[PDB]
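Since the structure comes first, as structure tokens, the remarks are kept for the end.
Methodologically, a virtual Cβ is constructed for each residue, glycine included, from the backbone with ideal geometry; neighbour enumeration extends over all protein chains shown. Rule-based calculations on the coordinates, nothing more; no lab input.
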Amino acid sequence: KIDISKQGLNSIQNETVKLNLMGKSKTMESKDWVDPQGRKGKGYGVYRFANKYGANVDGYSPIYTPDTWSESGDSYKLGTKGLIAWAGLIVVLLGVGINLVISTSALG
Amino acid sequence: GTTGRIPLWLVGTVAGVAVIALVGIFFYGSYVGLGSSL
Amino acid sequence: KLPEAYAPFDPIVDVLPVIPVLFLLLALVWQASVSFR
Amino acid sequence: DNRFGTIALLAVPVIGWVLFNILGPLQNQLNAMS
Amino acid sequence: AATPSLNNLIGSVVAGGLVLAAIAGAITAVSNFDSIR
Amino acid sequence: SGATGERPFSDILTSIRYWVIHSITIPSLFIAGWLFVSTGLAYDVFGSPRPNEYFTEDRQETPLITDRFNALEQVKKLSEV
Amino acid sequence: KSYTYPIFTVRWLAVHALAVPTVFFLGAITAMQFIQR
Amino acid sequence: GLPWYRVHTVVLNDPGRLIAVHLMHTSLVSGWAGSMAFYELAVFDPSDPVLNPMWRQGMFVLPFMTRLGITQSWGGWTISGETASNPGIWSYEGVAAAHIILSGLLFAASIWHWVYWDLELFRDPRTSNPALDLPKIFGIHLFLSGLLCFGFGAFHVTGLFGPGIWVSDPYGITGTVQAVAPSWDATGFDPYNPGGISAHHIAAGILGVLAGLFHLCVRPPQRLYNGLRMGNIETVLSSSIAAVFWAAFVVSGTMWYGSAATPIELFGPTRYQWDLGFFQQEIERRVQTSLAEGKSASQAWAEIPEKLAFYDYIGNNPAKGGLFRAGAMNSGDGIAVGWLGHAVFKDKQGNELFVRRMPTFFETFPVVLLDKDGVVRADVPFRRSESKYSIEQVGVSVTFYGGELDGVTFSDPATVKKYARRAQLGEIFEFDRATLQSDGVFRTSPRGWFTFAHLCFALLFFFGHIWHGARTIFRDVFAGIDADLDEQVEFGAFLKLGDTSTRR
Amino acid sequence: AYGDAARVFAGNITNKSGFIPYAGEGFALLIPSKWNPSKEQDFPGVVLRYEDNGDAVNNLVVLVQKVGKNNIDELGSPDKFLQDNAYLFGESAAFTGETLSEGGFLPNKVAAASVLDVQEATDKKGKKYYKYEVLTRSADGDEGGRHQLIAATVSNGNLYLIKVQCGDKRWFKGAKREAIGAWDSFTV
Amino acid sequence: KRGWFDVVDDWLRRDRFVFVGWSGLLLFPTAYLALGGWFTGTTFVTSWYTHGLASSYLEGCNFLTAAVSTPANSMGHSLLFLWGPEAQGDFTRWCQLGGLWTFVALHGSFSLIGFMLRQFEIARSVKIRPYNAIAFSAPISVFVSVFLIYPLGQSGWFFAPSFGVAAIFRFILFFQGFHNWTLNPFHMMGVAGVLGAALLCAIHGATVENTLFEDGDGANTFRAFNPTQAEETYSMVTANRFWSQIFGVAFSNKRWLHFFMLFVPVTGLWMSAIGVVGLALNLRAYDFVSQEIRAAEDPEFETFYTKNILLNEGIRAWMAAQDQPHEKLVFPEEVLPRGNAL
Ligand code: CLA
Ligand code: CLA
Ligand code: CLA
Ligand SMILES: CCCCCCCCCCCCCCCC(=O)OC[C@H](COP(=O)(O)OC[C@@H](O)CO)OC(=O)CCCCCCCCCCCCCCC
Ligand SMILES: CC1=C(/C=C/C(C)=C/C=C/C(C)=C/C=C/C=C(C)/C=C/C=C(C)/C=C/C2=C(C)CCCC2(C)C)C(C)(C)CCC1
Ligand SMILES: [Fe+2]
């Protein structure tokens, strides 16, 4: 069996994305659900043997699990001080890079 | 500090454009300069 | 060539025909924005 | 002559910038495993 | 009566040992620094 | 499934620090590659002829290495500008 | 609950062993596109 | 039921019948050697050792008997062409009969060692189960290898007690079986120095004996015993298959490139002698020296040995044959009858022209005549409509010096074209294409066939190393993998792969 | 290390004229850029031979022979000079049989040279040139025929003769420019 | 307290993102240099002094025509080390001498050994059977025979396939013109193996996808599966009956089908490897002598085989002058075999 709560998908902001990454669909589980092509469901969900195994391949091995991400990655530690220095460094290196490209070419 | 994350789709879009730009430059260079038969 | 009155606008015409292939990519980036829901 | 020098001189701002942003957490990794 | 080609062959053997020694040394160092249990 | 202990790539490629660091490192490596060719260093390190170096006044045809143990001397004469 | 990962690992060396030289080579090949005979 | 590809695995754990099964292959291999030699002796023609050597008649095992010292036949002839002097037991026929008699004895022993398989020798004294102490057995059978390697180089090759080995001059003109002395300096590792062969088999024999003594006394390390599965005899098969394909690659290389152990007088020239102009340079040198003695070109070329000229013929190149052009080289271009003499082509103004020799890579090659500085002067045009080099409009003539056609000169374009086509093949010889109805397409010498066979075997035996090598290591999972394995195979469940005591 | 930089952002091709000036002993011409020097010597007195990298049919050869006269007219009229040098177009000496099935050719003939232009130009200096344009056809039909451009002049007792030949297939595909350009650049 | 081997073994076989293992000590160094040697050679290194060709991006070639070309034929089978008697320590001259080819070929050949040892290493750790390593012997046999054995039987490394797209195409067309490699029964078995394996890959993939059981209510059938599911995902009985009534014969054993999917491709490459070993010695299946005798005697007997023989003569004559510059073949055009017109 597999526990979907410990698969790292619990912090997905969008419910639809959360369900898709979980391999689950409450809409398709109902026996009155109808396909866009007009086919009615047979009562199964996305996977019939789910519950027996706990989840489908989507929930068994997710490739996008934001729960296991590092909290330190949610913000830049240096803050506005780093960004201003980063912005200034970008301009300085951009000018040097352009000048070096121009100087070392047959242009003009 | 500054809290936030770059959206993944934006990273793919910008990286996708850069790759397409790089390939376009290679095809541009196929018609000019060295190797262009001109 | 285009008529002389339309000469300044020639560069715009030189990039117009590639717009339809951008719609295919625009659909792809639209689906990426919504996380391929 | 100095052609390789010039190019190698591009690393000095690069390494300094990366260290300015990674040195801290790098020490955290070093201490954790040592 | 060692020809210069013979010296380089000996030098290559020594250089090969140094490359192997450098590999083994680095692996043993990291293996000890980062050990299980 | 599970993970091997490394940080998820999606986490790093979405973090601000990664782009702040790689908004300089990746561009610099590109410029270094550009300067490696524009400054003529690519020709000199690997010996490929410049567009005006394939033929000389002495040799107007393709080079031919016709010696094994004197190939080092011979290729220097063929490459002489 | 809280995850802390190491910055430099064997995976890091592998990614940079291939990415760093590629970006350099990509820069070099791009410069070649503007060389005139 | 046992699959058809695992039938011979029944002697895997039966030491008595493993010997019996290995005695049967030994009986067959010696049986083949005797049968092959007798056939070759029934087809071999020893009348003409210079223009009809062994290697032109497709003889495969005859060179190997000759290489070690067998030179005489009970028929009274010698491979050199001299008359036999009391051949004794060890003739070509005697050696063939000996390998045949040995085949019968090994066949009989195989039956015995098969019926009487349950010997107390093959029983483990501790468990009473059939077992072989492979680390000790290897020491025994290696000590014999070292002893036999030493004796071959010290008595047989050296000449102390034995015939020696075939040694030839650099150009394969005068070669005999001689007693070679070991060369212990760096020249002992020259592949073309026959003195290295005696020195090697002596020194490797000494080390083989000492290694056999060590491997007979010192027990294997516990860690090495488990790592290499030394209790499993399939480990020995994997390493032996590995060693035998290593030797097959080496023995194919020295055959193709030539060495002191593959004389061209027994196996034919190598393809590199034609490529590098090895014989042509020697022929021109001898003619040039005779010209320096104020001898006529007609008589200087007559001095050139016909055996030397025959080596300068592209039909004796081992890289000009075909995979399914079966038979002897005589079956391809005929039996060599005589040398037609050197053909020198002259312009109408008297300048000498040289026919560009055919490289080995070309099945067919345009005939083009070059002058001293390498400029094209005449050729046989394909497009005979606006030609600028046809021999008719250049007046090319051919004159033969030495050989059968010495002095004779041809001027009509038809014959000049005919000999120009012959000239790009090297020296011009007269061939008899009626006795065996030769097709006209070249064939490979025993040098080519040996190389191809032992290269293909070497490549196939690499898979044997991998298969039998993977079988011994992965023996515990040969019938399948364990039922419940998912927990161990999980990514990140354990710090170290497989190790369940390193849980994360 | 040469030390020279790469021509990044150059903007100018060193030589886009399609011809490379060549100076010889007493003669000069503009060899096409794409043609390679050849060591082949088809005729007596050959001092220069360049063949096209693509097709070996397109080639030019410059001959210097010791006629001993001082004017090209002293070697005969333009028609007489061409007939005396018909060896330049090749020969059928290899084929000696008789035939009646070569369409468009005289009986027992498999090749034919058709002379299109016979002009006698003079140099700006004064040297007279006997220029000739002849299309040689063969029963093989190779290249759809070959265009032979021949310019000859006598200087210092030597007959300087250039022969630029171009296959017809290459001629109407654009190789005509290179051939005519080289034929009109030969100066002695 | 563990010894060096045990402490090092712990680190090498650590279950990380990219498994290193003991074989990684041989694979990753050699594989990186072989990859780096090829990328470096195709980008900056020239073949001007070895083949009289341009083969780098810096010289103006593109991905299709760039290559890491072989050394000149005068080098023979020299291993061409950086420190060898050829290009004695001079890196730039080493590149100009084609030494980068032997660099890529040698470090590349040891990478194949390292990768095959890696398959053994991981399979033993995961406790499964070693049939992926056995399958990898076939590509190694192809590489060993084509890039090592074939040039070793020829004049030198010059005739080995150069590491490039168009360079391989030249190597391919060289084999038709000079070896008649299409006619060889070993390339024929190699073709049947590769084409048969491509057929099996497609036919098996489609059969599984079209015999899938309905394990969900969504049209997207990819999601209705679990790697740990005990029940089969597709009906073998339906698959077997389908191909029995369409093709007349079908697989009834799942294990046999997958082994066949492994045997066809591997056997094909191995058989093809044997043929190239024969071409190393010019021991080629070039011609049928019986038809050549018949064709020479009867000038009206023509087959598609004889037409191919004339095509090979055209390939050899029109290609030798530039493909083999060491032979210094100056062919006047009149001697080149050419048909009517064209
Ligand atoms: C008294 C035993 C005996 C003797 C004197 C001979 C003698 C001869 N045999 Mg025969 N043979 C024998 C037994 C014997 N054989 C048996 C028992 C068999 C059955 C297997 C054969 C099968 C056989 C065949 C198939 C052939 C011969 C052939 C020959 C003739 C040429 C041998 C040769 O040059 O090959 C050279 C021998 C070698 C190159 C041996 C190489 C040794 C390898 C490389 C061992 C290296 C690994 C080693 C273990 C390293 C570790 C040791 C080291 C550390 C010291 C020669 C007259 C040939 C012949 O001419 O046909 C008539 C032939 O083709 N024999
Ligand atoms: C390493 C083993 C070896 C080697 C190198 C040679 C080498 C040679 N043998 Mg030989 N021979 C051998 C083993 C070997 N033999 C064995 C084991 C036998 C017992 C059968 C014989 C019996 C034998 C005879 C009777 C004769 C030779 C002859 C010759 C010489 C001619 C070669 C030839 O034309 O073969 C040609 C090879 C081929 C035409 C094809 C090679 C096999 C292909 C590549 C394998 C393909 C698979 C298979 C054929 C598919 C079958 C399809 C079916 C329709 C048949 C040559 C030097 C002949 C000779 O010159 O007399 C002096 C001779 O008449 N051999
Ligand atoms: C495990 C990694 C590995 C492996 C297997 C190889 C293998 C090889 N390299 Mg490579 N190389 C490597 C890593 C590796 N390399 C690295 C990291 C670099 C730096 C980037 C290079 C740079 C490099 C260059 C520049 C060249 C090679 C070359 C070669 C080839 C021949 C060189 C050789 O082995 O001669 C020497 C043989 C030995 C050293 C045998 C070693 C046996 C041990 C070590 C002996 C112990 C010595 C010790 C002192 C005991 C003394 C004994 C006493 C009798 C003296 C060979 C196939 C050459 C080549 O490509 O050919 C064209 C070449 O030019 N390599
Ligand atoms: C309605 C129109 C019919 C279309 C024609 C279909 C042709 C049928 C050909 C099948 C005969 C081959 C028998 C395989 C032997 C056989 O019957 O084995 C039967 C085998 C069944 O194996 P199982 O699954 O029962 O295996 C259980 C274990 O015991 C395995 O040993 O079926 C297959 O292996 C599938 C492979 C079929 C693909 C066959 C390869 C292609 C045929 C090649 C023909 C050569 C060309 C000849 C031209 C002269
Ligand atoms: C008993 C006895 C006897 C007799 C014996 C004998 C008679 C022996 C012989 C035997 C024999 C007579 C044997 C033989 C054998 C043969 C073989 C063994 C071979 C096989 C072959 C093979 C194996 C091959 C294969 C193949 C082919 C076919 C094709 C190609 C490829 C190959 C080459 C692979 C005596 C009197 C002594 C007395 C005592 C007892
Ligand atoms: Fe499957």
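Listing for the model above:
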item	result
Other protein chain Cβ atoms within 10 Å, averaged over every residue that makes up J:87-97	6
Net charge of Cβ neighbours under 14 Å - reference H:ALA297; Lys, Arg +1; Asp, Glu -1	-2
For J:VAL18, net neighbour charge (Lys/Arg +1, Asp/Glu -1) across residues whose Cβ lies under 13 Å away	+3
CD proxy at 222 nm, helix term only [per DSSP H run n ≥ 4: -39500 (n - 2.57); per residue of chain H; nearest 500]	-14000 deg cm²/dmol
Net +/- balance of residues flanking H:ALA493 in space, Cβ distance below 10 Å, scoring K and R +1, D and E -1	-2
Residue-by-residue Karplus 3J(HN,Hα) for segment J:65-73, coefficients 6.51, -1.76, 1.60, Hz, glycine and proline x	9, 6, 7, 9, 7, 6, x, 5, 5
3J(HN,Hα) from dihedral phi, segment H:178-190, Karplus parametrisation 6.51/-1.76/1.60, rounded to Hz, x for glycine, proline	10, 8, 9, 9, x, 10, 8, 7, 4, 5, x, 9, 6
Residues J:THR306, H:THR472, sorted so that the one with the fewest Cβ neighbours within 10 Å comes first	J:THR306, H:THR472
Segment H:101-149-segment J:206-251 distance, computed between alpha-carbon centres (Å)	55
Listed residues F:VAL37, F:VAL20, F:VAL45, most fluctuating in chain F (Gaussian network, C-alpha, under 10 Å)	F:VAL20
Estimated inter-spin distance, A:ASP67 and I:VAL118, nm [label 7 Å along Cα→Cβ]	10.2
Shielding by other protein chains, J:142-153, mean Cβ within 10 Å	2
Within chain J, helix-based [θ] at 222 nm, where runs of 4 or more DSSP H residues each add -39,500 (n - 2.57), nearest 500	-18000 deg cm²/dmol
In Hz, Karplus ³J(HN,Hα) per residue of segment A:52-67 (6.51, -1.76, 1.60; θ = phi - 60°; x = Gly, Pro)	5, 9, x, 5, 8, 4, 5, x, 5, 9, x, 10, 9, 10, x, 5
10 Å Cβ shell holding at most 11 others, DSSP loop, chymotrypsin sites (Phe, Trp or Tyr not before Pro): longest site-free stretch of chain H	H:162-477
Highest-fluctuation residue, I:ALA112, I:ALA86, I:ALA151 considered, GNM on chain I with Cα pairs under 10 Å	I:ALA86
Debye, to nearest 20: dipole size of segment J:36-186, +1 on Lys, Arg Cβ, -1 on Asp, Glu Cβ	540
Helix H:413-423 axis, angle to chain H major axis (alpha carbon atoms, nearest 10°)	30
Unit charges on C-beta of K, R, D, E only; dipole of the protein assembly as shown, Debye	4160
Within chain F, helix-based [θ] at 222 nm, where runs of 4 or more DSSP H residues each add -39,500 (n - 2.57), nearest 500	-16000 deg cm²/dmol
Within segment H:384-420, backbone nitrogen closer than 14 Å to the virtual label 7 Å beyond the Cα of H:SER298 toward Cβ	H:399-410
Cα coordinate range in segment H:211-355, projected on the principal axes (Å, largest first)	85, 39, 26
Residues with amide H under 5 Å from that of I:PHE19, placed H, sequence gap 5 or more	I:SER33
GNM top mover of J:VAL146, J:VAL330, J:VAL18 - chain J, alpha-carbon springs below 10 Å	J:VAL18
Residues whose placed amide H lies under 5 Å from that of I:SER155, excluding near-sequence neighbours	I:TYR160
Within 10 Å of each Cβ in H:84-90, the average number of Cβ atoms from other chains	0
Helix J:304-323 vs. chain J, principal-axis angle (Cα, 0 to 90°, nearest 10)	70
Ranked list, fewest to most other Cβ atoms within 10 Å of each Cβ, for H:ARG443, H:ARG17, H:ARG123	H:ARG123, H:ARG17, H:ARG443
Nearest-0.05 FRET efficiency for H:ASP484 and F:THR66, computed from C-beta distance (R0 56 Å)	0.25
Qualifying trypsin sites (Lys or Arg not before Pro) for segment I:90-172 [loop in DSSP, other Cβ within 10 Å: at most 16]	I:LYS109, I:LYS124, I:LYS125, I:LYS127
Ranking of G:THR4, A:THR65, F:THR4 by count of other Cβ atoms within 10 Å, fewest first	G:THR4, F:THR4, A:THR65
Amide H contacts under 5 Å for J:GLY84, placed H, 5+ residues apart	J:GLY89
Electrostatic dipole magnitude of segment H:196-289 [Cβ: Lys, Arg +1; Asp, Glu -1; Cα centre; debye, to 20]	400
